[PDB]
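Q: Next up is a structure, given as structure tokens.
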Amino acid sequence: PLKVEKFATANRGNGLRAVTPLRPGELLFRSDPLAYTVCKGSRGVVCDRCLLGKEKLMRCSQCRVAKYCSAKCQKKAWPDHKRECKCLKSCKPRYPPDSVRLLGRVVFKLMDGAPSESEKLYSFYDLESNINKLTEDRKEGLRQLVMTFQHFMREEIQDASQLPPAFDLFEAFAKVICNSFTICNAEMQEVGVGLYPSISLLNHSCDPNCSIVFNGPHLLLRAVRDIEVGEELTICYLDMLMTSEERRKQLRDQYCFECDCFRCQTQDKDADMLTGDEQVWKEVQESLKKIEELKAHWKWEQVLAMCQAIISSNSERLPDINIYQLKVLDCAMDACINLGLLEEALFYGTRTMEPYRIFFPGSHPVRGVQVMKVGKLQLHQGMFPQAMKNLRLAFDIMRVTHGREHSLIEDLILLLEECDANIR
Ligand SMILES: Nc1ncnc2c1ncn2[C@@H]1O[C@H](CSCC[C@H](N)C(=O)O)[C@@H](O)[C@H]1O
Ligand SMILES: [Zn+2]
Ligand SMILES: [Zn+2]
Ligand SMILES: [Zn+2]
């Protein structure tokens, strides 16, 4: 029994709208990807399937590239890894770009003929390409891949015979770039990327009515606010820690459009975001580029090296409420956590609590998780009174964003009751 529908929008291709009244936290759609892969960063640190930060990863006997959590995970992924395994062995040790490997996976999937439940609303051939509205460096970037693609797929693909006809590579990639989704783990860390054709119908907003969470590679679409019938459905395409400017910039450079959202048009919260001295945070912003490099690759130690310096450096001057300051804290935290310096972790993250409340308005999965992490630490620290507070708060947020359908709730409840037992 369905709850939404496809339609041609005002001026922007297609889109998605409701067909019933929808309350907060309602589960609207649910999909496995059509194709997905572990992104370069997390490669060789999470499983090419369940996508989970783990112990002892056995690597495909054949290619010796793909890594797997269990013997079952390996077996399950095999339908996909089947063909690529070959090429990955030839690339060794040169490893192909995510978007390339991803495409390989979509090629093969369209070459079995499975009525993929991810395409139930919009096929792959229906996806926007923006061919006519692309720049030149962009177009020249695309021809790049096609070349790198064909060298990579030498082993399995010799010519357009083995491709589904009415199918252009150059075109395909265009679809990829603006139709891809960043997959995150429980701790809202980016671990892989995939295409979710039915979900791609959702359009952008900087203050949207819908969220997406990932239970491993499995995607959940939920409502976040009360929605009246016939209303267009939107998610945010971006991180919420950006300025009206930054947002516009990427959207042009990646999706090829100018934003409509109220917020974009009236520089919403932009003052607060940049509150402070430009000269300080102009340097801070720069350092972060090299820092986040060492985050996607899980270099932790090295990130903390850089982080701790800057927070102690501009401790006298720059407030927590500034985004760049905050971003550092956020990192400083995720560092200490993966290092074990939990006392330190807490001391930091606890300071991100207030800014987050402000920047992540309503019910946002990121805020929830953050709160959870912070409460979880307090619980570890034995600050049960303050812990119970956040855990509850976090629950109250996540009961909307995740639902009983996401396994992380099961884990959060258990934390609540454990905290309970220490208040006995
Ligand atoms: N909020 C928004 N404002 C303007 N254009 C948008 C948008 N969200 C998506 N688009 C554009 O819609 C075009 C594709 S039309 C087909 C899929 C698309 N996501 C859709 O809206 O149906 C793309 O150029 C994409 O950037
Ligand atoms: Zn292999
Ligand atoms: Zn696994
Ligand atoms: Zn906007």
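We name chains A, B, ... following the order of the structure tokens; residues begin at 1 in each chain, and ligands are numbered from 1 as shown.
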Counting only C-alpha atoms, what is within 9 Å of stretch 78-82 of chain A, bar same-chain residues fewer than 2 positions away, as a VMD selection string?
A: chain A and resid 35 66 73 to 76 84 to 86 105 108 to 109
Q: Can you build me a table of chain A residues sitting at most 7 Å from ligand 4, with the closest atom pair per residue and its distance in Å to one decimal, using only C-alpha atoms and all ligand atoms, sorted by chain and residue number, as JSON lines?
A:
```
{"residue": "A:205", "atom": "CA", "partner": "ligand 4", "partner_atom_place_in_ligand_line": "1 (Zn)", "distance": 5.5}
{"residue": "A:206", "atom": "CA", "partner": "ligand 4", "partner_atom_place_in_ligand_line": "1 (Zn)", "distance": 4.5}
{"residue": "A:259", "atom": "CA", "partner": "ligand 4", "partner_atom_place_in_ligand_line": "1 (Zn)", "distance": 4.4}
{"residue": "A:260", "atom": "CA", "partner": "ligand 4", "partner_atom_place_in_ligand_line": "1 (Zn)", "distance": 5.2}
{"residue": "A:261", "atom": "CA", "partner": "ligand 4", "partner_atom_place_in_ligand_line": "1 (Zn)", "distance": 3.6}
{"residue": "A:262", "atom": "CA", "partner": "ligand 4", "partner_atom_place_in_ligand_line": "1 (Zn)", "distance": 6.3}
{"residue": "A:263", "atom": "CA", "partner": "ligand 4", "partner_atom_place_in_ligand_line": "1 (Zn)", "distance": 5.5}
{"residue": "A:264", "atom": "CA", "partner": "ligand 4", "partner_atom_place_in_ligand_line": "1 (Zn)", "distance": 4.0}
{"residue": "A:265", "atom": "CA", "partner": "ligand 4", "partner_atom_place_in_ligand_line": "1 (Zn)", "distance": 6.9}
```
Q: Please return as number ranges by chain: the residues of stretch 170-402 of chain A that backbone DSSP assigns to helix (DSSP H, G or I).
A: A: 170-179, 199-201, 244-255, 262-265, 270-274, 278-296, 301-313, 323-339, 342-359, 365-381, 384-401
Q: So that I can check the surroundings of stretch 270-273 of chain A, please list as a ChimeraX atom specification every protein, DNA and RNA residue that reaches within 12 Å of it, counting only C-alpha atoms and ignoring chain neighbours fewer than 3 positions away.
A: /A:240-247,263-267,276-278,281,318-327,355-356,358-359
Q: Name the closest residue to ligand 3 among the candidates A:228, A:48, A:5, A:126; distances are taken between atoms, counting only C-alpha atoms and all ligand atoms.
A: A:48
Q: Using only C-alpha atoms and all ligand atoms, what are the residues with an atom within 6 Å of ligand 3, set out as a PDB file with N, CA, C and O atoms, in the first residue's frame?
A:
```pdb
ATOM      1  N   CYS A  47      33.742  -3.817   5.605  1.00  0.00           N
ATOM      2  CA  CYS A  47      33.396  -4.912   4.702  1.00  0.00           C
ATOM      3  C   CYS A  47      32.707  -4.426   3.438  1.00  0.00           C
ATOM      4  O   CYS A  47      31.780  -3.632   3.506  1.00  0.00           O
ATOM      5  N   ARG A  49      30.492  -5.289   2.027  1.00  0.00           N
ATOM      6  CA  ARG A  49      29.075  -5.562   2.028  1.00  0.00           C
ATOM      7  C   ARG A  49      28.353  -4.900   3.175  1.00  0.00           C
ATOM      8  O   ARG A  49      27.803  -3.804   3.012  1.00  0.00           O
ATOM      9  N   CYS A  50      28.347  -5.559   4.333  1.00  0.00           N
ATOM     10  CA  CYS A  50      27.628  -5.032   5.477  1.00  0.00           C
ATOM     11  C   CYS A  50      28.120  -3.621   5.817  1.00  0.00           C
ATOM     12  O   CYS A  50      27.402  -2.841   6.453  1.00  0.00           O
ATOM     13  N   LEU A  51      29.342  -3.311   5.369  1.00  0.00           N
ATOM     14  CA  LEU A  51      30.001  -2.013   5.572  1.00  0.00           C
ATOM     15  C   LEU A  51      30.140  -1.696   7.043  1.00  0.00           C
ATOM     16  O   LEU A  51      29.504  -0.755   7.542  1.00  0.00           O
ATOM     17  N   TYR A  68      36.165  -8.752   3.415  1.00  0.00           N
ATOM     18  CA  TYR A  68      34.874  -9.249   3.905  1.00  0.00           C
ATOM     19  C   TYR A  68      34.854  -9.597   5.393  1.00  0.00           C
ATOM     20  O   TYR A  68      35.802 -10.195   5.913  1.00  0.00           O
ATOM     21  N   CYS A  69      33.761  -9.230   6.066  1.00  0.00           N
ATOM     22  CA  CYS A  69      33.642  -9.428   7.516  1.00  0.00           C
ATOM     23  C   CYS A  69      33.490 -10.903   7.855  1.00  0.00           C
ATOM     24  O   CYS A  69      34.095 -11.398   8.810  1.00  0.00           O
ATOM     25  N   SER A  70      32.690 -11.600   7.057  1.00  0.00           N
ATOM     26  CA  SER A  70      32.399 -12.991   7.316  1.00  0.00           C
ATOM     27  C   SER A  70      32.391 -13.770   6.024  1.00  0.00           C
ATOM     28  O   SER A  70      32.424 -13.193   4.938  1.00  0.00           O
ATOM     29  N   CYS A  73      29.061 -12.839   4.289  1.00  0.00           N
ATOM     30  CA  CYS A  73      29.140 -11.563   3.601  1.00  0.00           C
ATOM     31  C   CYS A  73      29.775 -11.737   2.222  1.00  0.00           C
ATOM     32  O   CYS A  73      29.241 -11.249   1.222  1.00  0.00           O
TER      33      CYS A  73
END
```
Q: Would you list the contacts of residue A:203 as an NGL selection string, taking every protein, DNA or RNA residue within 9 Å and counting only C-alpha atoms, but skipping same-chain residues closer than 2 positions in sequence?
A: :A and (14-16 or 200-201 or 205 or 232-237)
Q: Create the file for the chosen residues now, containing N, CA and C atoms and written as a PDB file, in the first residue's frame.
A:
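Result went into result23.pdb, see below:
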```pdb
ATOM      1  N   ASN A  14      11.389  16.018 -13.054  1.00  0.00           N
ATOM      2  CA  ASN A  14      10.403  15.291 -12.254  1.00  0.00           C
ATOM      3  C   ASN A  14      10.514  15.621 -10.761  1.00  0.00           C
ATOM      4  N   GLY A  15       9.900  14.796  -9.906  1.00  0.00           N
ATOM      5  CA  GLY A  15       9.917  15.005  -8.448  1.00  0.00           C
ATOM      6  C   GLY A  15       9.026  14.042  -7.665  1.00  0.00           C
ATOM      7  N   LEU A  16       8.828  14.311  -6.373  1.00  0.00           N
ATOM      8  CA  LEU A  16       8.006  13.430  -5.543  1.00  0.00           C
ATOM      9  C   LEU A  16       7.099  14.165  -4.586  1.00  0.00           C
ATOM     10  N   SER A 200      16.234   9.127  -5.994  1.00  0.00           N
ATOM     11  CA  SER A 200      16.783  10.248  -6.745  1.00  0.00           C
ATOM     12  C   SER A 200      15.705  11.233  -7.179  1.00  0.00           C
ATOM     13  N   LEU A 201      14.455  10.782  -7.141  1.00  0.00           N
ATOM     14  CA  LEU A 201      13.325  11.627  -7.494  1.00  0.00           C
ATOM     15  C   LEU A 201      13.148  12.764  -6.499  1.00  0.00           C
ATOM     16  N   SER A 205      16.297  20.762  -0.714  1.00  0.00           N
ATOM     17  CA  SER A 205      15.868  21.858   0.130  1.00  0.00           C
ATOM     18  C   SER A 205      16.925  22.014   1.203  1.00  0.00           C
ATOM     19  N   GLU A 232       5.171  18.537  -2.229  1.00  0.00           N
ATOM     20  CA  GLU A 232       6.416  17.977  -2.755  1.00  0.00           C
ATOM     21  C   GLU A 232       7.330  17.565  -1.603  1.00  0.00           C
ATOM     22  N   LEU A 233       8.024  16.446  -1.792  1.00  0.00           N
ATOM     23  CA  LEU A 233       8.892  15.896  -0.768  1.00  0.00           C
ATOM     24  C   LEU A 233      10.342  16.219  -1.049  1.00  0.00           C
ATOM     25  N   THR A 234      11.033  16.681  -0.012  1.00  0.00           N
ATOM     26  CA  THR A 234      12.426  17.104  -0.126  1.00  0.00           C
ATOM     27  C   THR A 234      13.325  16.581   1.002  1.00  0.00           C
ATOM     28  N   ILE A 235      14.600  16.397   0.658  1.00  0.00           N
ATOM     29  CA  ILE A 235      15.672  16.112   1.604  1.00  0.00           C
ATOM     30  C   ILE A 235      16.745  17.159   1.344  1.00  0.00           C
ATOM     31  N   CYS A 236      17.677  17.327   2.276  1.00  0.00           N
ATOM     32  CA  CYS A 236      18.846  18.153   1.997  1.00  0.00           C
ATOM     33  C   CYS A 236      19.946  17.315   1.348  1.00  0.00           C
ATOM     34  N   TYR A 237      20.549  17.846   0.292  1.00  0.00           N
ATOM     35  CA  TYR A 237      21.569  17.130  -0.465  1.00  0.00           C
ATOM     36  C   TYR A 237      22.944  17.261   0.175  1.00  0.00           C
TER      37      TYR A 237
END
```
Q: Which residue is closest to residue A:111? Choose from A:31, A:161, A:129, A:42 and count only C-alpha atoms.
A: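 Selected residue with least distance to residue A:111: A:161.
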Q: According to DSSP computed on the backbone, where in stretch 49-146 of chain A is there strand (DSSP E)? Give the residues as a PDB file with N, CA, C and O atoms, in the first residue's frame.
A:
```pdb
ATOM      1  N   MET A  58      38.889 -11.030   5.994  1.00  0.00           N
ATOM      2  CA  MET A  58      39.413 -11.931   4.969  1.00  0.00           C
ATOM      3  C   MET A  58      39.162 -11.326   3.596  1.00  0.00           C
ATOM      4  O   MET A  58      38.070 -10.827   3.312  1.00  0.00           O
ATOM      5  N   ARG A  59      40.183 -11.360   2.751  1.00  0.00           N
ATOM      6  CA  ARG A  59      40.097 -10.739   1.443  1.00  0.00           C
ATOM      7  C   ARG A  59      39.930 -11.776   0.348  1.00  0.00           C
ATOM      8  O   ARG A  59      40.594 -12.817   0.359  1.00  0.00           O
ATOM      9  N   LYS A  67      37.569  -6.931   0.641  1.00  0.00           N
ATOM     10  CA  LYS A  67      37.651  -7.443   2.011  1.00  0.00           C
ATOM     11  C   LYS A  67      36.265  -7.710   2.588  1.00  0.00           C
ATOM     12  O   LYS A  67      35.310  -6.988   2.288  1.00  0.00           O
ATOM     13  N   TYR A  68      36.165  -8.752   3.415  1.00  0.00           N
ATOM     14  CA  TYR A  68      34.874  -9.249   3.905  1.00  0.00           C
ATOM     15  C   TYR A  68      34.854  -9.597   5.393  1.00  0.00           C
ATOM     16  O   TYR A  68      35.802 -10.195   5.913  1.00  0.00           O
TER      17      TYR A  68
END
```
Q: What's around stretch 152-156 of chain A at 7 Å? Count only C-alpha atoms, leave out sequence neighbours fewer than 4 positions away in its own chain, and write the answer as an MDAnalysis selection string.
A: chainID A and resid 83 86:87 148
Q: Based on the selection just made, write N, CA, C and O atoms of those residues as an mmCIF file, in the first residue's frame.
A:
```cif
data_model
loop_
_atom_site.group_PDB
_atom_site.id
_atom_site.type_symbol
_atom_site.label_atom_id
_atom_site.label_comp_id
_atom_site.auth_asym_id
_atom_site.auth_seq_id
_atom_site.Cartn_x
_atom_site.Cartn_y
_atom_site.Cartn_z
ATOM 1 N N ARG A 83 32.094 -10.156 -11.485
ATOM 2 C CA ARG A 83 32.713 -9.738 -12.732
ATOM 3 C C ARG A 83 33.889 -8.807 -12.478
ATOM 4 O O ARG A 83 34.936 -8.937 -13.113
ATOM 5 N N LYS A 86 37.819 -9.688 -11.434
ATOM 6 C CA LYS A 86 38.789 -9.898 -12.492
ATOM 7 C C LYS A 86 39.655 -8.667 -12.683
ATOM 8 O O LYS A 86 40.875 -8.735 -12.558
ATOM 9 N N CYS A 87 38.999 -7.545 -12.964
ATOM 10 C CA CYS A 87 39.652 -6.272 -13.262
ATOM 11 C C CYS A 87 40.445 -5.760 -12.078
ATOM 12 O O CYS A 87 41.557 -5.267 -12.237
ATOM 13 N N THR A 148 39.504 6.020 -18.382
ATOM 14 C CA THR A 148 39.962 5.234 -17.233
ATOM 15 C C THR A 148 39.050 4.024 -17.011
ATOM 16 O O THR A 148 39.519 2.941 -16.649
#
```
Q: Which is closer to residue A:332 than all the others in A:411, A:292, A:112, A:316, using only C-alpha atoms?
A: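 Comparing A:411, A:292, A:112, A:316 against residue A:332, the winner is A:292.
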Q: Can you tell me, as a ChimeraX atom specification, what residues are no more than 6 Å from stretch 300-312 of chain A when counting only C-alpha atoms, ignoring any on the same chain fewer than 2 positions away?
A: /A:291,298,314-315,332,335
Q: Residues as selected, N, CA and C atoms, written as a compact mmCIF listing (two decimals), in the first residue's frame, can you do that?
A:
```txt
# COMPACT_ATOMS: atom_id res chain seq x y z
N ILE A 291 43.09 18.13 7.12
CA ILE A 291 42.65 17.36 8.28
C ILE A 291 41.62 16.28 7.88
N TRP A 298 40.94 7.27 7.91
CA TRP A 298 41.06 6.76 9.29
C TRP A 298 42.50 6.82 9.83
N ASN A 314 43.50 28.94 19.59
CA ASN A 314 42.47 29.99 19.57
C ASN A 314 41.43 29.79 20.66
N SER A 315 41.90 29.30 21.81
CA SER A 315 41.08 29.09 23.01
C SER A 315 40.64 30.42 23.65
N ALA A 332 38.09 16.58 16.64
CA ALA A 332 38.83 16.32 17.87
C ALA A 332 38.17 15.18 18.62
N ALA A 335 38.20 11.69 16.90
CA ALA A 335 39.57 11.26 17.08
C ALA A 335 39.72 10.54 18.42
```
Q: Nearest to residue A:116 among A:158, A:198, A:99, A:61, with distances taken over only C-alpha atoms: which residue is it?
A: A:198
